[PDB]
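Quick heads-up: it's one chain on its own, the form deposited in one PDB entry, in structure tokens.
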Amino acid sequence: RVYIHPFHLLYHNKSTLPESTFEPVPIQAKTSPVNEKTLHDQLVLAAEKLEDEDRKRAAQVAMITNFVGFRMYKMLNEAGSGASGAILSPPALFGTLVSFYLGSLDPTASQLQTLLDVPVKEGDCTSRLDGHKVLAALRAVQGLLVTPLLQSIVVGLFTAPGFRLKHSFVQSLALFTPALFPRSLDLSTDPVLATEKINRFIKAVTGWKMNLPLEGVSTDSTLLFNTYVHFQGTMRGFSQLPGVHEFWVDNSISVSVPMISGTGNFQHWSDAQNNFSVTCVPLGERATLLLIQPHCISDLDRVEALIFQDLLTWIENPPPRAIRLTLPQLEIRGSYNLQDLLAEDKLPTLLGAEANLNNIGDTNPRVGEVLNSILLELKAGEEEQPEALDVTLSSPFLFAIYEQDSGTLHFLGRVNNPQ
């Protein structure tokens, strides 16, 4: 029975030419690849010129982001995320939802806000989220995160030939990420080839090897909204160990995988109440990798449901200590359709055919997939060539990436089998 009241993210006072449109260029059209460094430098500036007001908006956006992330993570696990584990980016999902919110009118608008856990007072427009404020706060926490440390979000907006996008909608989207690619293509004749073209396009414009889904697009789709997230962070002072080392996928089965290892002054503790432990490794001045180990493999589900389901009161802050950390080199790929997660959440028609998204384009779109896809890379900072506590991740565990100032969780996940 929880409710978030993000005052600083609402409209505050209750108060016209025809809207301009364009037609996106075909998906075939030659496009320069995304520059991740450029993106990174932009994001860092947005974070560097923050007022107190901005910090307040950022703390409120973190609350909305985290809550919907935990909720959708739960939905993902209910639906089944595959063998290797699970990964979800609350910022990316939240941004996707806020983008639809900006393109939506009631009843869809209010339903989206209700899903974000913010009360709506019918008749009262000053009770509504200001999506531009929201996306501006979300950009700022993206920047705070990355103060060689990369977080790139690119959006593929794929539309049927002849569907025209509203300028205002697309300009709103740029606040989510400037790496935005509206492209048209035939979605009505060969769904599987359309997905091939989309997957080929994204790989060419990003250079990321993401292992994207192959399933075809529904033939009546006029609009797809796909969000692609690349996170890269270097583990300073970590190097790959020689050889291969047993990783227990369960109590009777092991895989022998490459491990990285390093010693630093990290935070670590054991939660007595629920019998798990946590280790925190800094990834930058504001970014923290949390690594959560259950006491035994069969307790993983209980621990995961506990720590990932709203205020992270489980995050403690002990004095750092000398820890030798050993863990699998993490190269994590995941993808889901937000449509499926919404259906799992008993909201199958929220972005359905009757959704009012009349502020997206010149006609109401028919939304096909809304994909969120991730490539997360935790690289060893040193090439493979002192008393400390040994922490060794050689059975399934949970992880989160966390921004200290706002408290935004940028990723949450579970590793069952690192490959």
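Numbers for residues come from their place in the sequence shown, where the first is 1. Take the two forms, superpose them, and find the largest set of C-alpha atoms that agree within 1.5 Å; that set is the rigid core.
Per the record, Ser254 and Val255 are directly connected, as no deposited residue between them is missing from the model.
Where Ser20 is followed by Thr21 in the displayed chain, the model omits none of the deposited residues that would sit between the two. Look at the mean CA B-factor for 31-39 and for 62-70 in the entry; the higher one is 31-39. Relative to its counterpart among 94-102 and 120-128, 120-128 has the higher mean temperature factor, C-alpha atoms as listed in the PDB entry. The PDB entry assigns the greatest CA B-factor among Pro178, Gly334, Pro213, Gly80 to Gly80.
In this structure the maximum Cα B-factor among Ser188, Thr279, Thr326, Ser152 is found at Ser188. Residue-level temperature factors show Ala355 in the middle third of its chain, judged at the C-alpha atom. In the PDB entry, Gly243 places in the highest third of its chain by CA B-factor. The deposited CA B-factor of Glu344 belongs to the middle third of values across its chain.
In the PDB entry, a CA B factor belonging to the highest third of its chain's modelled residues is recorded for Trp314. Compared with the other modelled residues of the chain, the Cα B-factor recorded for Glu285 ranks in the highest third.
Although it is not shown, the form deposited in another entry is what the next lines describe.
Large C-alpha shift between this form and the one not shown, rigid core held fixed: of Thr126, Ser254, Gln171, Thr349, this applies to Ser254 alone, with a displacement of 2 Å or more.
Positional change of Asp271 between this form and the one not shown reaches 2 Å or more at the C-alpha, relative to the superposed core.
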